[PDB]
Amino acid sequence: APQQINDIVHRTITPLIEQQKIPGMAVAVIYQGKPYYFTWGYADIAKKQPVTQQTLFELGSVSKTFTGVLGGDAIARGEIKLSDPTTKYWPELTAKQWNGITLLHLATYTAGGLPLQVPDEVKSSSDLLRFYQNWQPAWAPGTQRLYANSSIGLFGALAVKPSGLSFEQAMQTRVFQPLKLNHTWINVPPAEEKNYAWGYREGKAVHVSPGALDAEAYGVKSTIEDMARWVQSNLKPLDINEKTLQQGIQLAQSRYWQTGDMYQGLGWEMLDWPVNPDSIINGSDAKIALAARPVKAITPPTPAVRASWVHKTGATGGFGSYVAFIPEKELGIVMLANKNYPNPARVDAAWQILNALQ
């Protein structure tokens, strides 16, 4: 690999791993479009299995970028419109607070304060309808952003209804297969278990547990090679041959709302580049505090801006992931770890590496 990439990655990541006591980590840097891979430590401490380029990590909320793109692909196919009220796809949601809440609001966390998590007690289709019917918004739609699994998760489930496919089947056939993400899974098959890393929380080996809207909000597992390909695909959508998927990727990076320095896409979040890490932390869900932020509508949405820091953080109980890329520099990074460590440390490391290579 080019020595400049080797050096900045190792000099940045080694201290990160030591400081955060991460058991295993994989990193990919996409430079001028080509991927370069790095791995450290262990996928399974007890069984002494090393992290490799084939190790599967839980992406946590980075899964929302796949949900946003799959929804963009459905818009491009003419199956749904973001301006469509939620009730068009779920007539059974008769409670009055749903009047005026559109798919756009679900996809961008602006429905009026849907909760951060779907409760563990929600286990059936009937339980989920009850949950949404009983939810009382704190705000009118389209006024404040409150990051939430229950918002984009519902968007994902509804976006695939016209297709006649399950969410998993739609993701596989419309996003994973065309992009050749052949080791990316919503459900890890038994054949792939040998590469599935364990996550570590308080020193115990753990995997994410089943939950309502898990696939849609935080349930993808992938390797560092497939994630590098996902970044490549989002950096250069015009190279994608499937027309609706190319258009869907473009729609997911459009700018729909602004709050401070951040712009909300579908799954992806963006800031104008150049920008420093402190502003990225304060202008993203990477900050430690859970925040209600008033938003300004971008009417109409701005098409994907090349000079942007486009990114997404993700976590499960035992994993911490981060993806960031800058289209105009053809530069990106993926960091996958089997410990959920502080988001600010992820941003600091990613920025140190990309700033050195831009």
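Just count from 1 along the sequence shown to find any residue number.
Do a third or more of the other compared PDB entries fail to give coordinates for residue 283?
Missing in at least a third of the others, so yes.
Quick one: higher average CA temperature factor, 292 to 300 or 63 to 71?
It is 292 to 300.
So 267 to 275 or 235 to 243, which one's hotter by mean CA B-factor in the entry?
Between 235 to 243 and 267 to 275, it is 235 to 243 that shows the higher mean C-alpha B-factor.
In the PDB entry, which of 225, 216, 120, 192 has its C-alpha at the highest B-factor?
Going by the entry's C-alpha B-factors, 120 comes out highest.
Going by the entry, which of 144, 187, 134, 87 has the most elevated CA B factor?
87 has the highest C-alpha B-factor of those listed.
Of the three thirds of its chain by CA temperature factor, lowest, middle or highest, which one includes residue 98?
According to the entry, residue 98 has a C-alpha B-factor in the chain's highest third.
Entry-reported Cα temperature factor of residue 262, expressed as the chain third it lands in
Within its chain, residue 262 is a middle-third residue by C-alpha B-factor, going by the deposited values.
What third of its chain, lowest, middle or highest, does the C-alpha temperature factor of residue 46 fall into?
For residue 46, whose C-alpha B-factor we compare with every modelled residue in the chain, the answer is the highest third.
Splitting the chain's C-alpha B-factors into thirds, which one does residue 316 fall into?
Answer is middle: the recorded C-alpha B-factor places it there.
Is the Cα B-factor recorded for residue 53 in the lowest, middle or highest third of its chain?
For residue 53, whose C-alpha B-factor we compare with every modelled residue in the chain, the answer is the lowest third.
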